[PDB]
Structures are given as C-alpha cells and as structure tokens.
Amino acid sequence: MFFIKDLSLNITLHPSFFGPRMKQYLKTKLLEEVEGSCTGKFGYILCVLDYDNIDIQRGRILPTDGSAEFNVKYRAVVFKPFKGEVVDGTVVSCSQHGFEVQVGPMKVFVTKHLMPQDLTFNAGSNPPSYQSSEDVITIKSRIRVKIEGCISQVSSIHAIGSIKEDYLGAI
Amino acid sequence: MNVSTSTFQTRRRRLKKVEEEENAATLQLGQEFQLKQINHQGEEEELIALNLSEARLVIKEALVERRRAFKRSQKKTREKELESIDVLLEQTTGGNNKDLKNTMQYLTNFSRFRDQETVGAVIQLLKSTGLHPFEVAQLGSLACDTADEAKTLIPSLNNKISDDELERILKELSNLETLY
Amino acid sequence: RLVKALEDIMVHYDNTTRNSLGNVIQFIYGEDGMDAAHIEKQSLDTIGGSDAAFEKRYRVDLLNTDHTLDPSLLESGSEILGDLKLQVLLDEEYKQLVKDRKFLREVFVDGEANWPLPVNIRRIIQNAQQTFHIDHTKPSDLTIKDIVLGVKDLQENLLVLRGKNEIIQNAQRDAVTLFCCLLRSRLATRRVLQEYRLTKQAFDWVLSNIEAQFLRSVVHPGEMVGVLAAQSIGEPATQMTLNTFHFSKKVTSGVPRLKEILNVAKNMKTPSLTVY
Amino acid sequence: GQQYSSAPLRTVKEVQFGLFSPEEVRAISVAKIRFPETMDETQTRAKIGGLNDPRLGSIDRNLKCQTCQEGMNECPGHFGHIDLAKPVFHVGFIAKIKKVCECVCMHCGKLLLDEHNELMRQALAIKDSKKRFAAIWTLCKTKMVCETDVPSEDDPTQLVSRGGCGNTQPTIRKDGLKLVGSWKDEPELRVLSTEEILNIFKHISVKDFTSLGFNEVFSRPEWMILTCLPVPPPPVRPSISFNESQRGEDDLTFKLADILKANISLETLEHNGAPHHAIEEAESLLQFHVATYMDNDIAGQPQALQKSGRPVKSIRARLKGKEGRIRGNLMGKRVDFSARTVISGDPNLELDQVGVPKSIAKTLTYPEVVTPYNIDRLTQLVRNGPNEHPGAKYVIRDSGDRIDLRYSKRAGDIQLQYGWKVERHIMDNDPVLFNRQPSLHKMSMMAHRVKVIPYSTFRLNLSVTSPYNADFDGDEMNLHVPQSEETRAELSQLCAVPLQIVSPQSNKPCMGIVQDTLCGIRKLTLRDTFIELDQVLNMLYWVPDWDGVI
Amino acid sequence: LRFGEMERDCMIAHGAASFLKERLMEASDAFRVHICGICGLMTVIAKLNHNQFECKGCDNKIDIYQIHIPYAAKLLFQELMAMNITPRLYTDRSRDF
Amino acid sequence: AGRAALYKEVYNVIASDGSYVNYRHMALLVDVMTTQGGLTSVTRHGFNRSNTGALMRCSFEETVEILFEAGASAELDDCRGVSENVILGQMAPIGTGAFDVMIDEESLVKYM
Amino acid sequence: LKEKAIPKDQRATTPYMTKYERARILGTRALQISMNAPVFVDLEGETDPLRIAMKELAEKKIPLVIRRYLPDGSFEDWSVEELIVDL
DNA sequence: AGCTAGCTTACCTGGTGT
RNA sequence: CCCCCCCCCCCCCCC
DNA sequence: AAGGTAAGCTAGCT
Ligand SMILES: [Mg+2]
Ligand SMILES: [Zn+2]
Ligand SMILES: [Zn+2]
Ligand SMILES: [Zn+2]
C-alpha cells in the first residue's frame, strides 16, 4: 500500500484568466482542489507528481457563459487504507475505551477489547496509559496494528484496529 | 457530490446493481487498485505500491522539483530530515494541507531505508520475487525477522514463497537497513 | 408536416446532406454543392443555334487563310498562322466545345439554355471591360496558350469537395460538369479575342474573379437546409388561390393536388396517362 | 434553479427510455401514502403524514422540504408510492399485454413457436426490435397449441421434444379493461385475471422476452402490470392554496384520492370475510381509476367525470399537443424580454432599422457587464434611473442579489464595480429580433437595429413589408431582445435584414421598391420629366452619401 | 409573448443555435436539477448547503451531476414517471455513431 | 423513376400557380420521401414511423402512444435531433452549434 | 477511442471559414472581452466587445480553434489564425 | 371455417388575443 | 369550452 | 349532413 495513481480533474476557468499565465493558474487551481483532498474511492490524494509535465489539453469553451473547461490529466501519490493491512504507527490519544494510533495522514482506533486481556487502562498516570506485566502503551509509543475495517467520512478515512493477534502490538 | 477526480479506469455502470465486494489481504483491493492499471497514454501498466522509504523519496523529489519550477516563474539527516522537510512544505504546499505535513513526519520517522542508493537495491531484490506490488511494498515497510512474522502479518504470501527464500530476503533487508 | 419531416436535415463538413441518424439523403446539397442565394439564371450558349452558327462562333483554324484569328485581334496574329503545335491545342478546344454541346442537348432535351448557375460570367466580363477601359480597336497581348491553358487551369481550382481518392475526385468532377460547360462556352478563344476584346491583364482578372466567386458560392456546413426546403415549398403554397379555374384534361391542381402528393394518396381524383 | 451546487455540471447526451420495476418505485419513494386526506390533522391547517407531504415537498412557503429542506424554487419534489392491493394493467399497454399473451403459452410461459419453425427463424432474424415483434406476433397468434414434440430439422418422421407442456391456447378478446379467453362440445369462456397474466409474464424467458420487443435491464414484460404505483410530488399537481380557510386541490390529487379510496376498500374486503364476487367488483373499480388517471379519453367507455360533470384531466391529456406540454411548453414557450404593438410604415427609417416606442425601450433591458470600457457610461445610465430614457432598471452585484433602482435607498449612490451587471434600457442601434406571425419563412423573423421614437407603434421601412407579409391596417408585430454578447452577434451576423436581401428560396431578392416609390419612380424617370435647379439641389441634399458634386 | 413552434423553425433555418437556446432557457423556463449518474433519474436529494447529495435506492452519494433543463421538461419527466415510464438522463455516450 | 415522376408532379403544382421554388428545395423533399425503400409520405404514418429519436417523433402527431412504446421497448435517444436539444434546453448541432470552440494555450502565449 | 482526432496532414474540410464559425467566434470573443478577458489587439480607441472582436479577427490574433465534427464522430481542428475569412 | 371483403375506429385538421 | 380577431396576396385579355 | 387511412376484427365467403 501507498500508491501512485493516474487521475484527471475537470476545471472551469473564467475568461479573466485567459492571459499568458493561464497554464500556471490551471496547475495551481489543480493543487488547490486535488492536493490534501480525500475521497473514499482513491483515498488521500497527498502529493501531485511531475509539476512540470501536467497535461492541460485543449479547453472547450462552454456555450452561454464565457468560461472554458479543461480536463487536467495528472499523476499523484495516494494513501488508501484496507482491512487486513498491518500498519506501524504512533499513539496519539488514550482513554478507558482505547487508544488512537496515527498512520500517515489517518488515525486507527484500538478498542480495549481488541488488545490482549493482560493489558489494562491506568488513569492515575500522567498521561493515561495501558499497563501490562511487560509493556506500557502511552501517548507517544510505537505500535503495529492490524486494520479490522474502515469508514469513509467527509475529508478523511478512519479505521478500527486490533493488536490481539501474534506479531502485533508495542514495537 | 463535489467536482472530484476521475480515473483512467472506464466503468460501464448502467442502472445495474451495487454488486460491489470486500477489500482485504486476499489481495482483493478495489477496482481502483487492480493490478492491471491503464496509464494516461492508454497502455496497460502494472500497479505502483510504495514502501514508506520509496514514498518518502518520491514526495521529497516531487516537492524539490516543484520549488525549482516556482523559482523559474518567480524570475519572469534523522531529526534535521524532519526540520528540513517542514521548510520545503512551507515553500511548495498550502500549509492548509495538514495531511501531507502529517505524512512527511510519519514517513521521515518510520522509513527503514534513507538514501536512494539502498532503496534501489531493495527494489531490485523484491523485484524478482514475482509477488503482488502490495506484498512487495509491505515487505519493504514492515520489519520481520522470521518467515512466520512476514507470512502472519502479510497473509496473502502464504503459498507464494518458500519459508527460507522469504527468510533469505528478510536478511538482505535487515542488512540494507540504514543506521538512521 | 413539411417542417416536422425535414427539421433534422443539415449539410455536414463533408458536403453530404444527412438527418439525425446520419443517413445520406443527398451526396452533395442540391446535386451541385452550391448555396441557392449565389445562383443566377444564365444562358448556356453552346446548346442552341444552327450547327454552322456554332462553327462560326467557336472554330479557330490557324491552318486556313480565311479561318485563322486576324492579326487585328492579337499581336501573335501574323506568326501564329500555320502553326501545327497550336492547332493541336485549338482542335483539342473545339472538340471539347462539340462534346459539351452534345452533352447539354442530352440533359436539357428541349434545348432550354437559361439555367440558374453560380458566378454571373456576363457581369465579370462587363466589369473587366470597364475596369480596364478595353478598346475594341487594338490587338490583344494574349497568346493561344494564355487563353487555352488559363481556362484549363481555372477548372482545377473550382473546388466543391476536397479529398485525396478516386471516389471524391470523381464526385468533384461530376459536381462541376455543368458550370464548366458554361465556363468553356463563355471563355473560348474566338470569344475571348473577337467578342470581348480582353488583354492579358484583363483576362487574368476575369479568371481570378470566377475562382473567388465560385468558392463564395459553395454551401456552408451547418446549413439547416431541411427546414429551409420545407419553408421554401410551404410558404408559396399558402399564397395559392386555386383550384384549377372555373373552366387538354381537367386535372386537379393547387393545394388539393399538393395534399394528394404529400399524403401519397392511393385513390387520386384525376388519374391520367400521356401516351406518345 | 438559483444557489451554488458543488455537483459537476453536464449536458444530457442520451435518454434511456424504460419501465419502472415495482422494486424501483418503492426504492425511489420518500413516503408510503396511506390516507386519501390532504391535511387538516384534526382541523390543523398543515399537511398530513398520509397524502401530499408525508415528505414530498412544500405546499406553503415553509422552506421545509423535510426531505432536502430546500424550499419551492429549488426543490424538484420527491416521489412517494401506493402499494396496490391487487395487480392492474397499465392502460397504455393493454394491447401489448394482449399481444404478448397471444405469443406465449398462457400456462408454461414458453414462446409458442420455437426456432424449429422455418418462418419463425426468419422472424427471429429481424434486427429491428419493433418489426421483429410484429413478425413473431402474426406467426404466433394463430398457433393455438403449446407443442410438446415437433418434427426435427432432419427427418420429420422422427419428431423431437422442443419442451413445454401440451395445453390448449385461449382465443383472447378485449372487453373493457379485461381480457377474456376461449378454449375448446361448446367453448370455455373465462376472464384472465391480472395476477394470472403477471405469473405467466414473470415466467417468460429472458431469451424469449428479448426475442420479443423487451429488455432484461430497462423493460421486462412483467413491468407493464402495475403493482406499486408512484405518487407524483406537489410540483406536478399544484394545490393552488387561495387564503387560510379555503382548499384548491389539483384534478390529479383528487383522482389519486379516488385510487387510494378504491385500494383501501379492496384491501379491507380481501383481508376480511371476502365474498369473492364482491371482491371482483372493488377490483374492477381500482383498475378503472388507475386506468382513468393516466388516460381518461378511453375508447368506448364512460369518461371519469368530476363532481361538476367535468371529465378530470388525465396525465395523457396534458402531453397531447398544440398547447400541451411537448408542443405547448417545449417546442414553444411564452418568453420574457419580448414586446408587441401595432406596426406602421416610415419612409425616414433605414431598411434595417425598427422604430421603438420610448415606453417599450424603457421596459425592455439588456444586462451589460461593468467593464473599464463602459464603467463611466453605465454609471451615468444608473444615475439617470428607470424613468429617464437612456437609463437603467437594476444593478446586479457579484453576490447575485439585484438592486432595484426605483426603490433602493442607495439608488443615487451606487459605485459600480467591474464584473457587476447593469440592466440598462434598450438603446439606439441594439440588434433585436422582429417578427410577424405566422412565421412561415426564415425571412419572417429578422434582426433590426433599434431606433427609440415617440408614439406607440413599431415603425418599419416599407421595403421590409414584403418578406414579413405585413400591411398597416392594424397588423401587430413581436420584438425579442437578445441578452448575451454571444446572441447579439448571432442576430447581427446571421439574420440582419441586409443579409436577407437575396433569398435562397427562389435565388432572387425578396424585397424591392414598392407602392409610392415604385409609382413615382416610373413617373420621375419618363422622358418629359425635367427638374429645375431649386428642386434638384434638395433632391441631391436628400441622398446622404452624396459627393457634394452637382 | 409566444416564441412558438413556428418561430423555433425560423431560428433553426437561420442557424442561430445560441439565440434559440437563450429564448427557450434564460428568456423563459430554465431550471437546475440533480441527476443520478447510475439510475439517471431526478432522484438526488441535494441538501446543497451541507454539500450533501445522495440517491437512496442506488446508495449513491458520489456519482451525481447537475443539469440545466427547461422546468417544463423537468415537469414532463415527472409526468412520464407518474405513468410508470422511466426517462433516464445520461451525461455520457454508451452507443457511439 | 418514382423519384423523377414525384419531382415532376411536385414541381408542376408550384409552377401552375406561377411561382418558382429553386430546384434544390423540391429535390430535397422528393429525396427524403424516396431514400427508404419506396414512397414514404409526409404524414403521421410516413416519416414519423422512422427509426429517429423517440423524443423528436413525439413532438409531432402521436406523442403519448410514442413515449409509451419508447418505454416498453427500452429505446435510446441519441440526442442528435434538433427537437431533442430544444426539449432539453441545450444548444442543438445546428449551424452555430455544428462545431466546437477551443482555447489553444499555445497561440494564447504566442499573441502575448 | 481518440482515433477520432483526424491528423493535420490529410484534413479534407474547407480551408475557408463558414459563416457560422465567424458568428460563433465573434460572439464568443465578444462575450469573453465583455467579461474582462485579456485582449490581443491594440484597441485603437475601441470600446465595444464585438468591434474589439472584429479587430482581433482582422489581425488574426484570436486564440481559438474550431473543432469540426464529422457524421461518424471524427473531427478536424482548425486554428482561427489559419482559416480564410473571405465571406 | 382457410381466407378476405366490408365493416368499424382512432387520429388530425393555420396563427394570435370577452 | 367558446368566439371572434388576423390572413383573404395574385390574376380573367391582348404581341 | 367529414375524410382518408391503417390497423384490427367480426361475420360469413370454403
Ligand atoms: Mg394586416
Ligand atoms: Zn425536496
Ligand atoms: Zn406451454
Ligand atoms: Zn440512482
């Protein structure tokens, strides 16, 4: 996972921008929209590649308004999480319910019940931790999580993860 | 919803049912993440999955070259790696893109292989395996000691590779690992 | 009904006349590829008259002392008499004018000469005669090769269909057949020299203008030629007083006959046979 | 209409016609529709959870759609449904339903003629879906038995089983909205139930129905029989709600309540101690209203009259042309930016001009965008206002909200910004479309140049009279004002009066010199006609383009 | 005033396509609908404010388009659906000529 | 010969009332009535029964009965007729619409 | 299938610009100029968008291309610069 | 009682405004 | 749903 | 105080 996908946005440009710095404005409008965005379909569109070689093609002029529509062909780095993907990450939050791990652009939440039964919460620590006879999971620790499922919300993807199984947990 | 991005995959989605299936490590990723992809030239091209180390370098490269283009139009190591990257982002990105800043810090902090030289050698090694781009990316991103660790965390590998061949590869990777 | 049946007919970028299915109705609009507004009734000279009258008008025989071009007509006059290589060109010219006359008498069986065609040639010559202040007294600076080849070459530039292939190229020839019959009859050597007293400068200007005008005359792709035709038949039918007076056969006419035709009426009022 | 939507704007490239599966109708539906009642939820003037906005759209200027929460000029309205107690034929398909029956075995649901019969093979071969169906029908109709066995392609001595049952086929005839068969001392006559036809139609193979006119995705033969009825939203059946304590319900709203009422009586009857041949009474009634709602002008039958003895408009009725949706509202519409008055002639007008009464220029506007070229002209026009002739009526901001220059407290202090629009009055030399109905000519509609003039008539040059076919014995003419720089160009560059001089209809001019001018031209150009110096000088000065050379 | 059928014909004969469109849209009817990209119906629940789209019974909140059509056509389409006929509108070509 | 006769007759009616309509207009009509197998009338049964767009054919004479058959037989309107774009409030492929207009970034920069 | 784009060499449409092209070009450009678009010609005191467009067309400084569709769907592209404006 | 002849029957019939 | 209003051009002969 | 036609279908011709 973390992919390089060929994608293409359609952008309508107003006649005031029909100057020589046109292709410039188009490429910036592309990055304004596309970069930093997040769809369920392709995932997180993190960074657009080969800025110098983005394909503008010809722009068809839209009938009653002046503006012209271009289909900007481009290629970018994407992050799509999946069920069963084993991910390495950092603990960001910690409660009676569990802990959230940051994996690149997204967060994966680990349920109290999706951890070994030996691991138990301790609110009486600064900051709150999950204590075991061996390890202590807290607000800065590195964890290997197995994604159990995803949910696509607005402009992000969140997932639930387990550390119950073998070879998973604190690293 | 919004004026979102299209793809090079052409759908025949006419009235017909939301027949959609699961996404796993049965290597059933989307139709969007099928092995047999089609580039902007129309040619069939194989899926590009990136191990953290690669992805780190791709983004860096892209961003550096972008800064160069922005300087043309203007006319007419470990912790320092993070320090520096956050300065390149200041210059090439919109700042509002919190996703990329978050990714860069993650990639910078979780990459196994620093320099391009080593990443090329990792690519060369896993190249020959004949495994799926996803399994190849996971082998580069996840640090495993035993073939059991690998085959457990990457279930799809199951009968695809010998236990010792996988264990041979795993040694080459731990040897190729940068000393931060 | 006429409008609703023709709405969708239009001239495409291949000069073909098609409907909303892209089915071919006409291979070129109006069998000639010309816009109706750029057409004027013109007389095809070659068609009519005595055979001897035609001969006197067009025949140039440099090998005959009484049938050459008089040296008062052109500068080359004296040196042209008895030239075998030029008579070859002039025999070539005359044989075509005869061929054309035969062809025309096949199309217009009754010998009607006045037909609406593009490019009013009479007016071009008139304007040339005016522009240049032609003096029907002084010998022309034209050569036999200048007239004969000038016309030959102009014909190559009278383009209705562009396209590299024998289908379209034949199609192009077919489309210009009639205009050329007119063009050749009106720009023959004896006429150009004896009738209009054209100079090289003047003859060049006539040729350049026939070309420019000919291309302006061609239909424009996008022409909603279907509605045009419906409205063109439709509106004159509304100004029909009829039926067939209040009285050679008492045949049904006007609106009821047009009605008969469009409906493709099986039992028609006045069935009749004309036996020759 | 109005308000920004992030959705991608596209055009319709294709229209896929088809039929609604009952499953679709229910899946599309926002409300179940249970009560014949419109509202008064125990007298309370507000829509009921039963009919019209049980979530369908607003009756009031409420801004509550409940579904989209959008409000009137935005909400398209959402369909609901009615689950019918018994199946019913769709009036429109009665004959097709009949014909399909005549092609299929009314028992095993097989096609009566196999690809075994030679004439049938020819029919199957037919590429055109419609034509193919007519060939299969004329062949199958007459086949009154479902053969078990048929003579093989090889030797007819050795018959091969093609499949299907043995069963006799009924001779079907239509009686009202029912279909009655006749099998074979003395024939058996019995009505074919809707449920019965449907069960057979559900059993017709995909290969079989696609061999007939049908389509596996978009229109399965089973869908011609209504099971689940879609309820159109208020925008289709407007409640013309005059006052608080007064109704105003649409014809369709009542017909639907009749349908509903018929359906409840049936469901109650059939659930309770159903006296089986009292059920067929309420069932025939449900069929009648579902039929009479789509088409009321049914061939040889009693029209569904209203309380008033007024036939009740079917949906079919609204689409039947010349003033009727398709020809009435779609091929032609009444339009804004249009004017009409009596026409009169003017020798002092240029061929291509049109005299426009000040009144009409002061009403008709052109939306001109504020640009550095006209920023000054437009501010004066705004300052002049809506009542002075060269003036304007509205200013339209970047925001989209309109400033009415006759009521704004800031009407005398508008500082225009590039990009705004000034809806200025129609001015001299603007291109406008002028027309005289019946427009039977391309020349019956031509682009003229404005000339703002006193008096209430449109004024035109007499030589333009001929193509319009207009006299001045009280003729009226229409004027249409283009609103785009793009459409103004269209008028001036394609349909300007001078452009129309020589007509392609007869390859000659369609305008010439007429009447007084034609009469006096003969008179002026006679041999005895001589003009003295005095007159000569004025005759010369009258010609505008004159060289100044006597 | 009526820009009737006959007047539509003269405009066609002239070749004034934009003028014809302006007469029938901006100067009269013109309305904006949200079409589903799958079932092609006017089913979309545009809560255009929260930027929410959705065609339930397609479970589609992604493949949605906006189209500019004469309100009378929107009416026509609802009237055909009212009689069990599906006039599905698509923004791409399936066939090809 | 049917076409030839058909023109001859159509012409003779226009000619009778004195008037003259250019050859091409009558030719075009006579050709439309002919291009199929035989004589296709300018009627409800004639041309309107052609394989054209459901939406365009319904705009003349049989409206509802047409749209009903369109539904039953799952017809697909290609949207290339004038009538369809008129119903759709779209620019028809008529004259001014018979082509498309594009900005070329290349020339834009070249002119500045 | 972008095999519909007909190459520059082997382009059989007219080298001359149709009345409809001219009308749409002028209209388009005038509308664009009207909505504060950059102008490619020195306006010699001009202030009307149509008159500015006619000037742009006369000096062949209109950065537009006509896409001429053929019955099958194929098409030829013609630069306003290259098309002959006789008419 | 195969086919066909004479019925019968829906479909449309210019444009605009008290 | 009526109704009206509009349209009702041209032209019989003689070379 | 319709008219012409294209379906369809009864009655009454083998
Ligand atoms: Mg009058
Ligand atoms: Zn709503
Ligand atoms: Zn059977
Ligand atoms: Zn849908």
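Residues numbered from 1 in each chain as written, not as in the entry; some residues may be left out. Chains lettered and ligands numbered in written order. Part of a larger assembly, values for the part shown. Heavy atoms only, no water. Residues with missing side-chain atoms left out of burial classes, pairs and counts.

This entry lists X-ray crystallography as its structure determination method and reports a resolution of 3.30 Å.

J.: Just give me the short version of the overall build of chain D, but keep the residues and values in it.
T.: Assigned secondary structure in chain D consists of 16 helices and 21 strands. Taken over the C-alpha trace, chain D has a radius of gyration of 35 Å; the compact-globule value for 550 residues is 24 Å, which it surpasses by more than 25%. Overall, the C-alpha framework of chain D stretches about 115 × 70 × 50 Å when taken along its three principal axes. Among the 550 residues that make up chain D, the fraction classed as buried is 52%. (Helix = DSSP H or I, 4+ residues; strand = E, 2+ residues; numbered from the N terminus. Rg over C-alpha atoms; globule rule 2.2 N^0.38 Å. Buried < 20%, exposed > 50% of the residue type's maximum accessible area, 1.4 Å probe, protein only.)

J.: Any chance you could break down the overall build of chain B for me, citing the residues and the numbers?
T.: Of regular secondary structure, chain B possesses seven helices and four strands. Walking chain B from its N terminus toward its C terminus, one meets helices and strands in the order β-β-β-β-α-α-α-α-α-α-α. Principal-axis analysis of the C-alpha atoms places the extent of chain B at approximately 60 × 55 × 30 Å.

J.: Talk me through the protein's contact with DNA strand J; I want residue IDs and the actual numbers.
T.: Around DNA strand J, the structure places C:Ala265, C:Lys266, D:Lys98, D:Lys99, D:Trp137, D:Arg173, F:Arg44, F:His45 and F:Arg49. A share of 89% of the atoms of DNA strand J within 4 Å of the protein falls on sugar and phosphate groups. Contacts to DNA strand J include D:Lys99, whose side-chain N or O atom sits 2.7 Å from a phosphate oxygen. Here the residues of the surface near DNA strand J are counted per class, giving two nonpolar, one polar and six charged. (Near = heavy atom within 4 Å. Polar contact = N/O pair within 3.5 Å; in protein donor to acceptor, adjacent residues only side chain to side chain. Nonpolar A, V, L, I, M, F, W, Y, C, P; charged D, E, K, R; others polar.)

J.: Tell me about the protein's contact with RNA strand I, and name the residues and values.
T.: For RNA strand I, the full set of nearby residues is C:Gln239, C:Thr241, D:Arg436, D:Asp471, D:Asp473 and D:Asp475. Among the atoms of RNA strand I close to the protein, meaning within 4 Å, 31% are from sugar or phosphate groups. For RNA strand I, a base oxygen lies 3.0 Å from a polar atom in the side chain of C:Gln239. Residue D:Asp471 places a side-chain N or O atom 3.0 Å away from a phosphate oxygen belonging to RNA strand I. For the surface near RNA strand I, the class distribution of residues is no nonpolar, two polar and four charged.

J.: Account for the coordination of the zinc ion (ligand 4), with residues named and values stated.
T.: Protein-derived ligands of the zinc ion (ligand 4) are E:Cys36 (SG), E:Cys39 (SG), E:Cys55 (SG) and E:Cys58 (SG), with the metal-ligand distances lying across 2.2 to 2.4 Å. Coordination geometry of the zinc ion (ligand 4): the four donor atoms subtend angles of 107 to 114° at the metal centre, consistent with an arrangement described as tetrahedral. (Donors = N, O, S within 2.8 Å, 3.2 Å for Na, K, Ca; no water. Tetrahedral: all angles 85-135°; square planar, octahedral: opposite > 155°, others 65-115°.)

J.: Quick rundown of the interface of chain E and chain D? Include the residues and the values.
T.: Each partner contributes to the interface: chain E provides 70 residues, whereas chain D provides 89 residues. Between chain E and chain D the total buried area reaches about 7,200 Å² when both faces are included, carbon and sulfur atoms providing 57% of it. On the chain E side of the contact with chain D, E:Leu1, E:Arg2 and E:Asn84 bury the most area, a combined 12% of that side's loss. At the junction of chain E and chain D, the tally comes to six salt bridges. D:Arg325 is paired through a salt bridge with E:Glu79; the nearest N and O atoms lie 2.9 Å apart. The interface formed by chain E and chain D includes 47 residue pairs in polar contact. Among the secondary structure elements, those contributing two or more residues to the side of chain E that touches chain D are strand 1 (2-3), helix 1 (5-14), helix 2 (17-24), strand 2 (31-36), strand 3 (64-69), helix 3 (71-82) and strand 4 (88-90) of chain E. Of all the elements, helix 3 of chain E adds the most residues to the side of chain E that touches chain D, at eleven residues. (Contact = heavy atoms within 4.5 Å. Buried area = accessible area lost by both parts, 1.4 Å probe. Salt bridge = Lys/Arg side-chain N within 4 Å of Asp/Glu carboxyl O.)

J.: Residue-level account of the UniProt feature "binding site: Zn(2+) 2" in chain D, with values.
T.: Residues and elements named next belong to chain D. This chain's UniProt record puts "binding site: Zn(2+) 2" on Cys-105, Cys-108, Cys-146 and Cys-165. Spanning 61 residues, the named residues form one tight spatial group whose C-alpha atoms are at most 8.6 Å apart. One can find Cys-146 in the loop between helix 4 (129-141) and strand 3 (149-151). Filtering out sequence-adjacent residues up to four positions away, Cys-146 remains in contact with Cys-105, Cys-108, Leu-112, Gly-164, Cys-165, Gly-166, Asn-167 and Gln-169. The topology assignment puts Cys-165 in the loop between strand 4 (159-161) and strand 5 (173-175). Residues in contact with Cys-165, not counting those within four places in the same chain, are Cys-105, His-107, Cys-108, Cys-146, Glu-147 and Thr-148. (UniProt positions renumbered as here; feature names shortened; annotations may be inferred.)

J.: Give me the lowdown on the nonpolar core, citing residues and values where you can.
T.: Residues A:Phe2, A:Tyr74, A:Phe99, A:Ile163 and D:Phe201 are the most contacted members of the largest nonpolar core, which totals 257 residues. When residues of this core are assigned to their parent elements, the largest contribution, nine residues, is made by helix 3 (residues 54-72) of chain F. The contacts of A:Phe99, once residues within four sequence positions are left out, are A:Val91, A:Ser93, A:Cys94, A:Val108, A:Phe109, A:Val110, A:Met115, A:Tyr130, A:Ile137, A:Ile143 and A:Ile163. C:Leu86, C:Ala128, C:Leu154 and C:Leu158 belong to the second largest nonpolar core, which has 50 residues in total. (Core = buried A, V, L, I, M, F, W, Y, C linked by side-chain atoms within 4.5 Å.)

J.: So, the sheet that holds strand 1 (residues 76-77) of chain F: which residues are in play, and what are the values?
T.: Reading across from one edge, 4(E)-1(D)-1(F) is the order of the three strands in this open sheet, with antiparallel pairing throughout. Edge strands, defined here as strands with exactly one partner in the open sheet, are strand 4 of chain E together with strand 1 of chain F. Where strand 1 (residues 14-16) of chain D and strand 1 of chain F come together, two bridges link them in antiparallel fashion. By the bridge assignment for strand 1 of chain F, D:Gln16 is matched with F:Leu76. (Pairing = 2+ DSSP bridges.)

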